[PDB]
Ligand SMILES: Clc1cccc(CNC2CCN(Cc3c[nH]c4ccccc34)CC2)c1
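Below, in structure tokens: the form solved without this ligand, a single chain.
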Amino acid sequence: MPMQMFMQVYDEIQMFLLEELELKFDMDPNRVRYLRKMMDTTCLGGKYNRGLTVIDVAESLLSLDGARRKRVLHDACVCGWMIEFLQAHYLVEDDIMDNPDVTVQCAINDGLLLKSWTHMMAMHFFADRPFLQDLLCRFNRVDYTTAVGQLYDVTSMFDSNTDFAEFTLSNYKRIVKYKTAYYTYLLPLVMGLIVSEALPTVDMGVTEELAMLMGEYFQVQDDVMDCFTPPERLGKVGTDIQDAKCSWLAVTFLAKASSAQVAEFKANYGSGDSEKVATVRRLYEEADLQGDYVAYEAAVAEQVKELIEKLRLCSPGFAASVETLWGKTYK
């Protein structure tokens, strides 16, 4: 029922958006079909973890009358597609960042449309909901937060706009929090609470802390996999070393390497050269970073498991949905 409902609502949102373009925006069929294909290409195919989290949160909060239920679950699905479309928008923007060219014009246009669609679907489906303004404001603030996170990320290896000054655990956590944790972990949880009209019934502090911790757990595992998981298993080519990213491996290595090992890391980091990437990997391996990875994740897991209990004392149904979100990350 969750996935089936989520896909049924996608068809509903898509038909609304496309009929609106045809009826109110003067769009010709060739362009409508082009946008149907583009929307399917960019919004479908993933795991829908962000979107499905909204549904899971709402169902927990209404179970713990069928007129309110049907409405809350539909609202949860629209909110879920708002986050999936926001994610689709970020992926398009990232694809331009890693590239009279009409393909680049179309990618920029696609990025703008996908973001505009999050507002169009909200303004329509939640038109007479009293939560519309708060939902829009929290969504916009989270989107802004992500752009700020991207600035921190993209400029991590620079400043005074090659320096390893910002290669610290505190800065790594700043990047993860802003760039990923707010829209991936916090926003789905918050949206599920908004639609359920149960936003003031939860300790936001513990929830924000949980979102940041789960985001941190996810990114550390993501960083390790980028470097060590082979492309056929990973589903992409890992480029963090070449890109000179402020990764968990890089910041952890710099705190435990010797002066000559740091000098060796500095001379080989941020290069496309196969042997320099391999030298970096050798340094991570020899510094027993994969042993430290196990313990770091376990300590984060202990903190997550503890905070869910504090949340469960005042918000039991919500804590079980935060538990399922965690199980999807801990997997």
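The term rigid core refers to the most C-alpha atoms you can superpose between the two forms while keeping them within 1.5 Å. Residue numbers here begin at 1 and follow the sequence given. Shifts are known only where both forms have a C-alpha.
FYI, the form solved in complex with this ligand isn't displayed, but the following is about it.
Single option in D222, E209, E166, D203 placed near this ligand in the entry with it bound, where near means a heavy atom within 4.5 Å: Only one option qualifies, and that one is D222.
Interface residue in the entry with it bound among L193, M121, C246, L73, criterion: non-hydrogen atom within 4.5 angstroms of this ligand: Looking at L193, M121, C246, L73 one by one, just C246 meets the 4.5 Å heavy-atom criterion.
4.5 Å heavy atom contact, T229 to this ligand in the entry with it bound: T229: contacts this ligand in the entry with it bound.
Partner contact for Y172 in the entry with it bound: this ligand, 4.5 angstroms, heavy atom: Taking the distances in the entry with it bound, the answer for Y172 is yes, it comes within 4.5 Å of this ligand.
Non-hydrogen atom contact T252 with this ligand in the entry with it bound at 4.5 angstroms: The answer is no: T252 has no heavy atom within 4.5 Å of this ligand.
Non-hydrogen atom contact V237 with this ligand in the entry with it bound at 4.5 angstroms: Heavy-atom contact with this ligand at 4.5 Å: present for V237.
Interface residues of 175-204 toward this ligand, as seen in the entry with it bound [heavy atoms, 4.5 Å]: Residues within 4.5 Å: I175, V176, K179, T180.
Rigid-core-referenced C-alpha movement of 2 Å or more between this form and the one not shown, selected from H124, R233, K256, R141: Of all the options, the C-alpha that shifts by at least 2 Å belongs to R233.
Mobile segments between this form and the one not shown [3+ consecutive residues, each C-alpha shifted 2 angstroms or more, core superposed]: Segment displaced between this form and the one not shown after core fit: 231-235 only.
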